[PDB]
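Everything below belongs to start30.pdb, which stores PDB, C-alpha atoms.
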ATOM      1  CA  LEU H 102      -5.023   1.734  -0.695  1.00  0.00           C
ATOM      2  CA  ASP H 103      -6.461   4.598  -2.741  1.00  0.00           C
ATOM      3  CA  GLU H 104      -5.869   5.345  -6.419  1.00  0.00           C
ATOM      4  CA  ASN H 105      -2.632   7.126  -5.373  1.00  0.00           C
ATOM      5  CA  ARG H 106      -1.550   3.787  -3.814  1.00  0.00           C
ATOM      6  CA  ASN H 107      -0.982   5.034  -0.268  1.00  0.00           C
ATOM      7  CA  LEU H 108      -1.578   3.421   3.123  1.00  0.00           C
ATOM      8  CA  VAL H 109      -4.640   5.433   4.154  1.00  0.00           C
ATOM      9  CA  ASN H 110      -7.330   4.852   6.772  1.00  0.00           C
ATOM     10  CA  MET H 111     -11.043   5.375   6.104  1.00  0.00           C
ATOM     11  CA  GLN H 112     -10.828   9.131   6.802  1.00  0.00           C
ATOM     12  CA  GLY H 113      -7.891  10.287   4.669  1.00  0.00           C
ATOM     13  CA  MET H 114      -4.865  10.070   6.962  1.00  0.00           C
ATOM     14  CA  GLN H 115      -1.516   9.033   5.489  1.00  0.00           C
ATOM     15  CA  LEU H 116       0.352   6.386   7.468  1.00  0.00           C
ATOM     16  CA  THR H 117       3.961   7.387   8.141  1.00  0.00           C
ATOM     17  CA  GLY H 118       7.084   5.311   8.667  1.00  0.00           C
ATOM     18  CA  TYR H 119      10.802   5.091   8.072  1.00  0.00           C
ATOM     19  CA  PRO H 120      11.530   5.110   4.317  1.00  0.00           C
ATOM     20  CA  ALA H 121      13.506   2.196   2.890  1.00  0.00           C
ATOM     21  CA  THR H 122      16.585   3.518   1.080  1.00  0.00           C
ATOM     22  CA  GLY H 123      19.775   2.068  -0.344  1.00  0.00           C
ATOM     23  CA  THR H 124      20.805  -0.755  -2.664  1.00  0.00           C
ATOM     24  CA  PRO H 125      19.794  -3.357  -1.630  1.00  0.00           C
ATOM     25  CA  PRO H 126      16.769  -1.661  -0.036  1.00  0.00           C
ATOM     26  CA  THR H 127      16.878  -1.474   3.748  1.00  0.00           C
ATOM     27  CA  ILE H 128      15.103   0.396   6.532  1.00  0.00           C
ATOM     28  CA  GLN H 129      17.200   2.957   8.395  1.00  0.00           C
ATOM     29  CA  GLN H 130      16.006   3.929  11.866  1.00  0.00           C
ATOM     30  CA  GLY H 131      17.718   7.338  11.812  1.00  0.00           C
ATOM     31  CA  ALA H 132      15.657   8.901   9.001  1.00  0.00           C
ATOM     32  CA  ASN H 133      12.696  11.246   9.174  1.00  0.00           C
ATOM     33  CA  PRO H 134       9.330   9.447   8.903  1.00  0.00           C
ATOM     34  CA  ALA H 135       7.820   9.337   5.419  1.00  0.00           C
ATOM     35  CA  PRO H 136       4.494   8.083   4.039  1.00  0.00           C
ATOM     36  CA  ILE H 137       4.545   4.380   3.194  1.00  0.00           C
ATOM     37  CA  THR H 138       3.531   3.713  -0.414  1.00  0.00           C
ATOM     38  CA  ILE H 139       3.551   0.578  -2.560  1.00  0.00           C
ATOM     39  CA  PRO H 140       4.690   1.452  -6.107  1.00  0.00           C
ATOM     40  CA  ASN H 141       3.613  -0.580  -9.116  1.00  0.00           C
ATOM     41  CA  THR H 142       7.040  -0.214 -10.754  1.00  0.00           C
ATOM     42  CA  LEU H 143       9.332  -3.236 -10.986  1.00  0.00           C
ATOM     43  CA  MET H 144      12.818  -3.316  -9.506  1.00  0.00           C
ATOM     44  CA  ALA H 145      15.801  -3.042 -11.828  1.00  0.00           C
ATOM     45  CA  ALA H 146      18.002  -6.015 -12.654  1.00  0.00           C
ATOM     46  CA  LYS H 147      20.906  -6.627 -10.275  1.00  0.00           C
ATOM     47  CA  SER H 148      24.514  -7.160 -11.331  1.00  0.00           C
ATOM     48  CA  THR H 149      26.013 -10.146  -9.528  1.00  0.00           C
ATOM     49  CA  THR H 150      28.958  -9.190  -7.323  1.00  0.00           C
ATOM     50  CA  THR H 151      29.081 -11.695  -4.434  1.00  0.00           C
ATOM     51  CA  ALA H 152      28.478 -15.449  -4.579  1.00  0.00           C
TER      52      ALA H 152
ATOM     53  CA  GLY L 253      25.530  -6.479 -25.999  1.00  0.00           C
ATOM     54  CA  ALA L 254      25.381  -6.100 -22.211  1.00  0.00           C
ATOM     55  CA  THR L 255      28.157  -5.312 -19.757  1.00  0.00           C
ATOM     56  CA  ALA L 256      29.966  -8.334 -18.351  1.00  0.00           C
ATOM     57  CA  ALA L 257      29.332  -9.283 -14.727  1.00  0.00           C
ATOM     58  CA  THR L 258      32.270  -8.595 -12.388  1.00  0.00           C
ATOM     59  CA  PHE L 259      31.561 -10.978  -9.509  1.00  0.00           C
ATOM     60  CA  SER L 260      33.649 -12.828  -6.930  1.00  0.00           C
ATOM     61  CA  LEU L 261      33.128 -16.502  -6.077  1.00  0.00           C
ATOM     62  CA  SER L 262      33.961 -17.638  -2.537  1.00  0.00           C
ATOM     63  CA  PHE L 263      33.960 -21.291  -1.449  1.00  0.00           C
ATOM     64  CA  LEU L 264      33.358 -20.477   2.202  1.00  0.00           C
ATOM     65  CA  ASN L 265      32.866 -23.306   4.715  1.00  0.00           C
ATOM     66  CA  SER L 266      34.512 -26.011   2.596  1.00  0.00           C
ATOM     67  CA  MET L 267      35.482 -29.229   4.392  1.00  0.00           C
ATOM     68  CA  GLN L 268      37.207 -32.375   3.105  1.00  0.00           C
ATOM     69  CA  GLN L 269      36.391 -35.370   5.319  1.00  0.00           C
ATOM     70  CA  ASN L 270      35.226 -37.946   2.731  1.00  0.00           C
ATOM     71  CA  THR L 271      31.542 -36.992   2.908  1.00  0.00           C
ATOM     72  CA  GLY L 272      29.937 -39.791   0.908  1.00  0.00           C
ATOM     73  CA  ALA L 273      30.339 -38.717  -2.718  1.00  0.00           C
ATOM     74  CA  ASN L 274      31.054 -35.359  -4.330  1.00  0.00           C
ATOM     75  CA  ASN L 275      28.018 -33.076  -4.106  1.00  0.00           C
ATOM     76  CA  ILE L 276      26.897 -29.544  -3.269  1.00  0.00           C
ATOM     77  CA  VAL L 277      24.789 -28.437  -0.311  1.00  0.00           C
ATOM     78  CA  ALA L 278      24.565 -24.614  -0.509  1.00  0.00           C
ATOM     79  CA  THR L 279      24.459 -21.947  -3.218  1.00  0.00           C
ATOM     80  CA  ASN L 280      24.100 -18.212  -2.569  1.00  0.00           C
ATOM     81  CA  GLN L 281      23.864 -15.474  -5.188  1.00  0.00           C
ATOM     82  CA  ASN L 282      22.344 -12.022  -5.647  1.00  0.00           C
ATOM     83  CA  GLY L 283      21.214 -12.427  -9.249  1.00  0.00           C
ATOM     84  CA  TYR L 284      17.547 -12.412 -10.237  1.00  0.00           C
ATOM     85  CA  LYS L 285      15.426 -11.326 -13.178  1.00  0.00           C
ATOM     86  CA  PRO L 286      12.861  -8.592 -12.444  1.00  0.00           C
ATOM     87  CA  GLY L 287       9.276  -9.618 -11.781  1.00  0.00           C
ATOM     88  CA  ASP L 288       5.776  -8.208 -11.455  1.00  0.00           C
ATOM     89  CA  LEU L 289       3.866  -7.326  -8.299  1.00  0.00           C
ATOM     90  CA  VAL L 290       2.000 -10.289  -6.784  1.00  0.00           C
ATOM     91  CA  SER L 291       1.009  -9.531  -3.186  1.00  0.00           C
ATOM     92  CA  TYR L 292       1.765  -7.248  -0.246  1.00  0.00           C
ATOM     93  CA  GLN L 293       1.816  -7.939   3.486  1.00  0.00           C
ATOM     94  CA  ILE L 294       3.100  -6.563   6.790  1.00  0.00           C
ATOM     95  CA  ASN L 295       5.011  -8.600   9.352  1.00  0.00           C
ATOM     96  CA  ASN L 296       4.544  -8.375  13.114  1.00  0.00           C
ATOM     97  CA  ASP L 297       7.696  -6.226  13.317  1.00  0.00           C
ATOM     98  CA  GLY L 298       5.956  -3.420  11.412  1.00  0.00           C
ATOM     99  CA  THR L 299       8.181  -3.624   8.336  1.00  0.00           C
ATOM    100  CA  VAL L 300       6.192  -3.692   5.091  1.00  0.00           C
ATOM    101  CA  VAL L 301       7.371  -6.474   2.765  1.00  0.00           C
ATOM    102  CA  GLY L 302       6.195  -7.216  -0.777  1.00  0.00           C
ATOM    103  CA  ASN L 303       6.466 -10.507  -2.658  1.00  0.00           C
TER     104      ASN L 303
ATOM    105  CA  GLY S 253     -14.863  12.777 -43.613  1.00  0.00           C
ATOM    106  CA  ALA S 254     -13.882  14.211 -40.238  1.00  0.00           C
ATOM    107  CA  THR S 255     -10.876  16.473 -39.772  1.00  0.00           C
ATOM    108  CA  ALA S 256      -7.430  14.893 -39.616  1.00  0.00           C
ATOM    109  CA  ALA S 257      -6.219  13.846 -36.161  1.00  0.00           C
ATOM    110  CA  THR S 258      -2.578  14.163 -35.087  1.00  0.00           C
ATOM    111  CA  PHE S 259      -1.009  13.278 -31.749  1.00  0.00           C
ATOM    112  CA  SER S 260       2.495  13.038 -30.288  1.00  0.00           C
ATOM    113  CA  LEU S 261       3.285   9.809 -28.440  1.00  0.00           C
ATOM    114  CA  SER S 262       5.850   9.854 -25.627  1.00  0.00           C
ATOM    115  CA  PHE S 263       7.796   6.663 -24.866  1.00  0.00           C
ATOM    116  CA  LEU S 264      10.062   8.104 -22.161  1.00  0.00           C
ATOM    117  CA  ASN S 265      10.742   6.299 -18.871  1.00  0.00           C
ATOM    118  CA  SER S 266      10.600   2.896 -20.582  1.00  0.00           C
ATOM    119  CA  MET S 267      12.990   0.192 -19.385  1.00  0.00           C
ATOM    120  CA  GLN S 268      14.081  -3.076 -21.019  1.00  0.00           C
ATOM    121  CA  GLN S 269      15.359  -5.278 -18.180  1.00  0.00           C
ATOM    122  CA  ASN S 270      14.157  -8.628 -19.615  1.00  0.00           C
ATOM    123  CA  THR S 271      11.190  -9.118 -17.283  1.00  0.00           C
ATOM    124  CA  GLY S 272       9.979 -12.263 -19.026  1.00  0.00           C
ATOM    125  CA  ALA S 273       7.232 -11.496 -21.540  1.00  0.00           C
ATOM    126  CA  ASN S 274       5.998  -8.295 -23.177  1.00  0.00           C
ATOM    127  CA  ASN S 275       3.050  -6.372 -21.735  1.00  0.00           C
ATOM    128  CA  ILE S 276       1.878  -2.757 -21.702  1.00  0.00           C
ATOM    129  CA  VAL S 277       1.977  -1.253 -18.204  1.00  0.00           C
ATOM    130  CA  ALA S 278       0.727   2.285 -18.921  1.00  0.00           C
ATOM    131  CA  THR S 279      -1.672   3.876 -21.404  1.00  0.00           C
ATOM    132  CA  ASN S 280      -3.271   7.323 -21.428  1.00  0.00           C
ATOM    133  CA  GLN S 281      -4.603   9.983 -23.780  1.00  0.00           C
ATOM    134  CA  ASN S 282      -5.777  13.545 -23.180  1.00  0.00           C
ATOM    135  CA  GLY S 283      -8.218  13.659 -26.107  1.00  0.00           C
ATOM    136  CA  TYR S 284     -11.470  13.191 -24.225  1.00  0.00           C
ATOM    137  CA  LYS S 285     -14.634  12.544 -26.200  1.00  0.00           C
ATOM    138  CA  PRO S 286     -17.541  14.963 -25.660  1.00  0.00           C
ATOM    139  CA  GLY S 287     -19.510  14.155 -22.528  1.00  0.00           C
ATOM    140  CA  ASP S 288     -22.810  14.960 -20.857  1.00  0.00           C
ATOM    141  CA  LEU S 289     -23.279  16.464 -17.395  1.00  0.00           C
ATOM    142  CA  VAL S 290     -23.973  13.435 -15.210  1.00  0.00           C
ATOM    143  CA  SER S 291     -23.874  14.939 -11.710  1.00  0.00           C
ATOM    144  CA  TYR S 292     -21.737  16.999  -9.337  1.00  0.00           C
ATOM    145  CA  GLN S 293     -20.194  16.423  -5.920  1.00  0.00           C
ATOM    146  CA  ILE S 294     -18.607  18.479  -3.144  1.00  0.00           C
ATOM    147  CA  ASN S 295     -15.408  17.285  -1.472  1.00  0.00           C
ATOM    148  CA  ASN S 296     -13.886  18.388   1.822  1.00  0.00           C
ATOM    149  CA  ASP S 297     -11.352  20.664   0.101  1.00  0.00           C
ATOM    150  CA  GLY S 298     -14.135  23.140  -0.722  1.00  0.00           C
ATOM    151  CA  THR S 299     -14.081  22.681  -4.502  1.00  0.00           C
ATOM    152  CA  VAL S 300     -16.985  21.645  -6.732  1.00  0.00           C
ATOM    153  CA  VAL S 301     -16.527  19.184  -9.603  1.00  0.00           C
ATOM    154  CA  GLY S 302     -18.998  18.268 -12.336  1.00  0.00           C
ATOM    155  CA  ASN S 303     -18.655  14.674 -13.485  1.00  0.00           C
TER     156      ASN S 303
END
What does this structure look like when you write it as C-alpha cells?
Amino acid sequence: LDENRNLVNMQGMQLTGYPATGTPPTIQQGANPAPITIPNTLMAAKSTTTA
Amino acid sequence: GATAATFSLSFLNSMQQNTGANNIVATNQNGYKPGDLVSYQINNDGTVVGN
Amino acid sequence: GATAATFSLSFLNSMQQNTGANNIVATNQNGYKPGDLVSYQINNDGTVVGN
C-alpha cells in the first residue's frame, strides 16, 4: 500500500477487481473491474430497519 | 434531535413447547455505531474484507 | 515584530456520527517554511523534482 492507499505491487501496477457498491456494500460480478483501494474514512451510521 | 428509527420487529422461528424457563436464544439487528480502521485482510475467495 | 499572519480554515466534509471519542483525522497547511535544497531525484515519468 502506497501513500495513495492502493493495492500496488513492487513495480507500480494497480490491482484491479470488481468494485463493491450498494447499501449494504456488496460485490457485483457484472461490473467493470476497478482498482481496489482501502479508504481511511469511516462508514456512516446505519438506521435500523429489520430486526 | 435525531430522526426516529422506523424499524420492524419480527419474532421469526418462535416455538412454544415448554422449553425449560422463559429465555432468549437469538437476536439479529443491523444497528451499529461507526468505528475506526483496525486491520485489513483478504480471504481465499479473493474478496477483500476489512475489520 | 513580524508581519501579521492570516489564514482561512476550511471545516467542510466533517461528519458527526457519534464514533465514540473525539480525535482529529486530518490536518494540513499550505504555508511552508523556507527550505534548503537537499537533493534531487528523477522518476520514471520524466520529471525532475528538487527536495
Translate the ChimeraX specification (/L :<7) & /H, as applied to the file shown, into an explicit residue set as a short mmCIF file (atom, residue, chain, number, x, y, z; two decimals) with C-alpha atoms, in the coordinates of the input.
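As a result, expr_35.cif now contains:
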data_model
loop_
_atom_site.label_atom_id
_atom_site.label_comp_id
_atom_site.auth_asym_id
_atom_site.auth_seq_id
_atom_site.Cartn_x
_atom_site.Cartn_y
_atom_site.Cartn_z
CA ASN H 141 3.61 -0.58 -9.12
CA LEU H 143 9.33 -3.24 -10.99
CA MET H 144 12.82 -3.32 -9.51
CA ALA H 145 15.80 -3.04 -11.83
CA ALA H 146 18.00 -6.02 -12.65
CA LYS H 147 20.91 -6.63 -10.28
CA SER H 148 24.51 -7.16 -11.33
CA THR H 149 26.01 -10.15 -9.53
CA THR H 150 28.96 -9.19 -7.32
CA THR H 151 29.08 -11.70 -4.43
CA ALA H 152 28.48 -15.45 -4.58
#
### Task
Working over all C-alpha atoms in order, superimpose chain L onto chain S by least squares and state the RMSD in Å.
1.2 Å
### Target residues per the PyMOL selection byres ((chain H and resi 118) around 12), formatted as JSON, numbers by chain
{"H": [108, 115, 116, 117, 119, 120, 121, 128, 129, 130, 131, 132, 133, 134, 135, 136, 137, 138], "L": [298, 299, 300]}
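Interatomic distance, atom CA of residue H:124 against atom CA of residue S:267: 18.5 Å.
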### Message
Please check the contacts: residues of chain S at most 9 Å away from chain L, using only C-alpha atoms, listed as a list in words.
### Response
residues 269, 270, 271 and 272 of chain S
Box for stretch 103-116 of chain H - axis-aligned, 4 Å on each of the six sides, all listed atoms - centre and size in Å to one decimal, as lines of an AutoDock Vina configuration file.
center_x = -5.3
center_y = 6.9
center_z = 0.5
size_x = 19.4
size_y = 14.9
size_z = 21.9
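Across the structure, atom CA of residue H:142 and atom CA of residue L:295 are spaced 21.9 Å apart.
Separating atom CA of residue H:107 from atom CA of residue H:139 is a distance of 6.8 Å.
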Subset file as a PDB file, in the first residue's frame: stretch 254-301 of chain S, N, CA and C atoms:
ATOM      1  N   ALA S 254       7.176  40.424  13.555  1.00  0.00           N
ATOM      2  CA  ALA S 254       6.963  40.013  12.178  1.00  0.00           C
ATOM      3  C   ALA S 254       5.603  40.501  11.682  1.00  0.00           C
ATOM      4  N   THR S 255       5.402  40.394  10.373  1.00  0.00           N
ATOM      5  CA  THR S 255       4.146  40.815   9.772  1.00  0.00           C
ATOM      6  C   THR S 255       3.001  39.912  10.223  1.00  0.00           C
ATOM      7  N   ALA S 256       1.798  40.481  10.245  1.00  0.00           N
ATOM      8  CA  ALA S 256       0.625  39.740  10.686  1.00  0.00           C
ATOM      9  C   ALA S 256       0.325  38.589   9.733  1.00  0.00           C
ATOM     10  N   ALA S 257      -0.111  37.467  10.301  1.00  0.00           N
ATOM     11  CA  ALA S 257      -0.416  36.259   9.547  1.00  0.00           C
ATOM     12  C   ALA S 257      -1.913  35.989   9.616  1.00  0.00           C
ATOM     13  N   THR S 258      -2.535  35.801   8.454  1.00  0.00           N
ATOM     14  CA  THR S 258      -3.949  35.465   8.364  1.00  0.00           C
ATOM     15  C   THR S 258      -4.122  34.239   7.479  1.00  0.00           C
ATOM     16  N   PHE S 259      -5.116  33.421   7.819  1.00  0.00           N
ATOM     17  CA  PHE S 259      -5.343  32.163   7.122  1.00  0.00           C
ATOM     18  C   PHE S 259      -6.803  31.767   7.280  1.00  0.00           C
ATOM     19  N   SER S 260      -7.349  31.156   6.231  1.00  0.00           N
ATOM     20  CA  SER S 260      -8.749  30.742   6.200  1.00  0.00           C
ATOM     21  C   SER S 260      -8.823  29.233   6.407  1.00  0.00           C
ATOM     22  N   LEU S 261      -9.448  28.817   7.505  1.00  0.00           N
ATOM     23  CA  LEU S 261      -9.618  27.400   7.794  1.00  0.00           C
ATOM     24  C   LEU S 261     -10.907  26.878   7.174  1.00  0.00           C
ATOM     25  N   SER S 262     -10.832  25.686   6.589  1.00  0.00           N
ATOM     26  CA  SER S 262     -11.981  25.029   5.979  1.00  0.00           C
ATOM     27  C   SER S 262     -12.332  23.793   6.795  1.00  0.00           C
ATOM     28  N   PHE S 263     -13.587  23.712   7.241  1.00  0.00           N
ATOM     29  CA  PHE S 263     -14.072  22.590   8.034  1.00  0.00           C
ATOM     30  C   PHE S 263     -15.085  21.742   7.271  1.00  0.00           C
ATOM     31  N   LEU S 264     -15.098  21.839   5.943  1.00  0.00           N
ATOM     32  CA  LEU S 264     -16.053  21.088   5.146  1.00  0.00           C
ATOM     33  C   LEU S 264     -15.745  19.593   5.206  1.00  0.00           C
ATOM     34  N   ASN S 265     -16.729  18.797   4.783  1.00  0.00           N
ATOM     35  CA  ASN S 265     -16.626  17.336   4.774  1.00  0.00           C
ATOM     36  C   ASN S 265     -16.290  16.794   6.163  1.00  0.00           C
ATOM     37  N   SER S 266     -16.944  17.347   7.180  1.00  0.00           N
ATOM     38  CA  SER S 266     -16.817  16.880   8.554  1.00  0.00           C
ATOM     39  C   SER S 266     -18.144  16.281   8.996  1.00  0.00           C
ATOM     40  N   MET S 267     -18.096  15.060   9.515  1.00  0.00           N
ATOM     41  CA  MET S 267     -19.289  14.338   9.924  1.00  0.00           C
ATOM     42  C   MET S 267     -19.289  14.119  11.432  1.00  0.00           C
ATOM     43  N   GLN S 268     -20.493  14.119  12.007  1.00  0.00           N
ATOM     44  CA  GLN S 268     -20.694  13.868  13.438  1.00  0.00           C
ATOM     45  C   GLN S 268     -21.667  12.695  13.550  1.00  0.00           C
ATOM     46  N   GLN S 269     -21.119  11.480  13.549  1.00  0.00           N
ATOM     47  CA  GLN S 269     -21.917  10.259  13.590  1.00  0.00           C
ATOM     48  C   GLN S 269     -21.784   9.531  14.923  1.00  0.00           C
ATOM     49  N   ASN S 270     -21.240  10.201  15.942  1.00  0.00           N
ATOM     50  CA  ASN S 270     -21.032   9.624  17.270  1.00  0.00           C
ATOM     51  C   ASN S 270     -20.164   8.365  17.190  1.00  0.00           C
ATOM     52  N   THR S 271     -18.928   8.561  16.741  1.00  0.00           N
ATOM     53  CA  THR S 271     -17.952   7.472  16.664  1.00  0.00           C
ATOM     54  C   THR S 271     -17.100   7.394  17.928  1.00  0.00           C
ATOM     55  N   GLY S 272     -17.761   7.334  19.080  1.00  0.00           N
ATOM     56  CA  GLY S 272     -17.065   7.209  20.343  1.00  0.00           C
ATOM     57  C   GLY S 272     -16.479   8.510  20.851  1.00  0.00           C
ATOM     58  N   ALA S 273     -15.155   8.625  20.811  1.00  0.00           N
ATOM     59  CA  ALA S 273     -14.449   9.783  21.336  1.00  0.00           C
ATOM     60  C   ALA S 273     -14.150  10.785  20.226  1.00  0.00           C
ATOM     61  N   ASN S 274     -13.473  11.866  20.606  1.00  0.00           N
ATOM     62  CA  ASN S 274     -13.126  12.943  19.690  1.00  0.00           C
ATOM     63  C   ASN S 274     -11.647  12.855  19.332  1.00  0.00           C
ATOM     64  N   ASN S 275     -11.347  12.913  18.036  1.00  0.00           N
ATOM     65  CA  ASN S 275      -9.971  12.867  17.567  1.00  0.00           C
ATOM     66  C   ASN S 275      -9.889  13.514  16.192  1.00  0.00           C
ATOM     67  N   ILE S 276      -8.788  14.213  15.940  1.00  0.00           N
ATOM     68  CA  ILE S 276      -8.570  14.864  14.653  1.00  0.00           C
ATOM     69  C   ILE S 276      -8.055  13.831  13.659  1.00  0.00           C
ATOM     70  N   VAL S 277      -8.691  13.765  12.490  1.00  0.00           N
ATOM     71  CA  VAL S 277      -8.337  12.781  11.473  1.00  0.00           C
ATOM     72  C   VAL S 277      -7.635  13.395  10.271  1.00  0.00           C
ATOM     73  N   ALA S 278      -7.557  14.721  10.179  1.00  0.00           N
ATOM     74  CA  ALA S 278      -6.914  15.362   9.041  1.00  0.00           C
ATOM     75  C   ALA S 278      -6.409  16.737   9.456  1.00  0.00           C
ATOM     76  N   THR S 279      -5.180  17.053   9.052  1.00  0.00           N
ATOM     77  CA  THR S 279      -4.590  18.360   9.302  1.00  0.00           C
ATOM     78  C   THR S 279      -3.596  18.669   8.192  1.00  0.00           C
ATOM     79  N   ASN S 280      -3.613  19.914   7.721  1.00  0.00           N
ATOM     80  CA  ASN S 280      -2.779  20.320   6.598  1.00  0.00           C
ATOM     81  C   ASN S 280      -2.741  21.839   6.525  1.00  0.00           C
ATOM     82  N   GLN S 281      -1.592  22.364   6.103  1.00  0.00           N
ATOM     83  CA  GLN S 281      -1.440  23.779   5.802  1.00  0.00           C
ATOM     84  C   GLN S 281      -0.565  23.918   4.567  1.00  0.00           C
ATOM     85  N   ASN S 282      -0.776  25.002   3.824  1.00  0.00           N
ATOM     86  CA  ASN S 282      -0.003  25.274   2.621  1.00  0.00           C
ATOM     87  C   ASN S 282       1.112  26.285   2.850  1.00  0.00           C
ATOM     88  N   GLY S 283       1.219  26.841   4.053  1.00  0.00           N
ATOM     89  CA  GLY S 283       2.238  27.825   4.355  1.00  0.00           C
ATOM     90  C   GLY S 283       3.568  27.209   4.729  1.00  0.00           C
ATOM     91  N   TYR S 284       4.303  26.722   3.736  1.00  0.00           N
ATOM     92  CA  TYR S 284       5.573  26.065   4.005  1.00  0.00           C
ATOM     93  C   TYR S 284       6.618  27.064   4.487  1.00  0.00           C
ATOM     94  N   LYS S 285       7.409  26.639   5.467  1.00  0.00           N
ATOM     95  CA  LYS S 285       8.548  27.418   5.913  1.00  0.00           C
ATOM     96  C   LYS S 285       9.643  27.390   4.848  1.00  0.00           C
ATOM     97  N   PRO S 286      10.532  28.385   4.840  1.00  0.00           N
ATOM     98  CA  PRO S 286      11.635  28.366   3.872  1.00  0.00           C
ATOM     99  C   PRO S 286      12.521  27.147   4.075  1.00  0.00           C
ATOM    100  N   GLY S 287      12.978  26.570   2.960  1.00  0.00           N
ATOM    101  CA  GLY S 287      13.753  25.352   2.998  1.00  0.00           C
ATOM    102  C   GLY S 287      15.017  25.472   2.164  1.00  0.00           C
ATOM    103  N   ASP S 288      15.923  24.530   2.396  1.00  0.00           N
ATOM    104  CA  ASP S 288      17.203  24.474   1.710  1.00  0.00           C
ATOM    105  C   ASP S 288      17.234  23.285   0.758  1.00  0.00           C
ATOM    106  N   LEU S 289      17.936  23.457  -0.359  1.00  0.00           N
ATOM    107  CA  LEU S 289      17.999  22.433  -1.400  1.00  0.00           C
ATOM    108  C   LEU S 289      18.754  21.224  -0.867  1.00  0.00           C
ATOM    109  N   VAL S 290      18.019  20.162  -0.547  1.00  0.00           N
ATOM    110  CA  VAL S 290      18.643  18.952  -0.022  1.00  0.00           C
ATOM    111  C   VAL S 290      19.257  18.132  -1.147  1.00  0.00           C
ATOM    112  N   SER S 291      18.428  17.689  -2.087  1.00  0.00           N
ATOM    113  CA  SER S 291      18.876  16.868  -3.204  1.00  0.00           C
ATOM    114  C   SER S 291      17.768  16.859  -4.251  1.00  0.00           C
ATOM    115  N   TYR S 292      18.010  16.132  -5.339  1.00  0.00           N
ATOM    116  CA  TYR S 292      17.039  15.988  -6.413  1.00  0.00           C
ATOM    117  C   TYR S 292      17.009  14.536  -6.867  1.00  0.00           C
ATOM    118  N   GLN S 293      15.888  14.151  -7.471  1.00  0.00           N
ATOM    119  CA  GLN S 293      15.695  12.793  -7.953  1.00  0.00           C
ATOM    120  C   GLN S 293      14.973  12.834  -9.290  1.00  0.00           C
ATOM    121  N   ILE S 294      15.085  11.738 -10.034  1.00  0.00           N
ATOM    122  CA  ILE S 294      14.434  11.586 -11.329  1.00  0.00           C
ATOM    123  C   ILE S 294      13.537  10.358 -11.266  1.00  0.00           C
ATOM    124  N   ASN S 295      12.253  10.551 -11.534  1.00  0.00           N
ATOM    125  CA  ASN S 295      11.284   9.467 -11.547  1.00  0.00           C
ATOM    126  C   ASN S 295      10.987   9.039 -12.980  1.00  0.00           C
ATOM    127  N   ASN S 296      10.293   7.904 -13.103  1.00  0.00           N
ATOM    128  CA  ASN S 296      10.061   7.304 -14.411  1.00  0.00           C
ATOM    129  C   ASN S 296       9.218   8.184 -15.322  1.00  0.00           C
ATOM    130  N   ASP S 297       8.426   9.101 -14.764  1.00  0.00           N
ATOM    131  CA  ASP S 297       7.568   9.944 -15.585  1.00  0.00           C
ATOM    132  C   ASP S 297       8.348  10.910 -16.465  1.00  0.00           C
ATOM    133  N   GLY S 298       9.628  11.134 -16.178  1.00  0.00           N
ATOM    134  CA  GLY S 298      10.443  12.057 -16.937  1.00  0.00           C
ATOM    135  C   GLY S 298      10.634  13.413 -16.293  1.00  0.00           C
ATOM    136  N   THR S 299       9.975  13.677 -15.173  1.00  0.00           N
ATOM    137  CA  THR S 299      10.105  14.949 -14.483  1.00  0.00           C
ATOM    138  C   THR S 299      11.298  14.929 -13.533  1.00  0.00           C
ATOM    139  N   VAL S 300      11.700  16.121 -13.098  1.00  0.00           N
ATOM    140  CA  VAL S 300      12.780  16.292 -12.133  1.00  0.00           C
ATOM    141  C   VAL S 300      12.257  17.138 -10.978  1.00  0.00           C
ATOM    142  N   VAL S 301      12.495  16.675  -9.755  1.00  0.00           N
ATOM    143  CA  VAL S 301      11.974  17.311  -8.552  1.00  0.00           C
ATOM    144  C   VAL S 301      13.128  17.562  -7.592  1.00  0.00           C
TER     145      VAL S 301
END
